[PDB]
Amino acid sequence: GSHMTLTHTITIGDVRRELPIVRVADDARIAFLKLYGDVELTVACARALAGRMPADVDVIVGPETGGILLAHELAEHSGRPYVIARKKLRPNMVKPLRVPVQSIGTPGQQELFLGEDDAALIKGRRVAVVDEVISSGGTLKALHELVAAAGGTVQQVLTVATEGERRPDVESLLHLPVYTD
């Protein structure tokens, strides 16, 4: 006569967290990673990922919202510039590049954008793509497409966690299983 409060333990260096295992579909729960509100976890993840980012990387690119904190802290740690691909058109965007994000929960709607200034910062550079979690990979594919459309090359993919499928072409800190409902 009560609801589940099950958790999944992660450890980034010696930052330990208990991720709540929460329902997201008829038949599925995930260990939910919350960087918002957690400076210690955010900085530890960004430090660990920067340790894995080679000197070849020119620029960091992350999506709104899952790459905001990580890209900022990676850039602050490494000295590399970074770019956020936005979810909405903003008035400072002239001639934006746009890609659809493949998504199972609600197709068609999801989009990522680069203004021509963001794009001018990516053109011709080696890019590390970063996002907090990679699950289906739709977000990651859309970022690949945006980076290609802007003239850059994805050299590395950085994430705190893969989820569901394991991804050996990805630099991740851990793997999160998907749980039943």
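Numbers follow the displayed sequence, beginning with 1.
For the pair 155-163 and 9-17, the mean B factor over Cα atoms is greater in 9-17. Look at the C-alpha B-factors of 141-149 and of 126-134. On average they run higher in 141-149. Within the group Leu89, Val101, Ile84, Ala75, the record's highest C-alpha temperature factor is found at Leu89.
For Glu116, the recorded CA B-factor ranks within the highest third of the chain. Only modelled residues enter the ranking. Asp56 sits in the highest third of its chain by CA B factor, as recorded in the PDB entry.
Split the chain's modelled residues into thirds by C-alpha temperature factor. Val43 is in the lowest one.
When all modelled residues of the chain are sorted by CA temperature factor, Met4 is found within the highest third. Compared with the other modelled residues of the chain, the Cα B-factor recorded for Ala50 ranks in the middle third.
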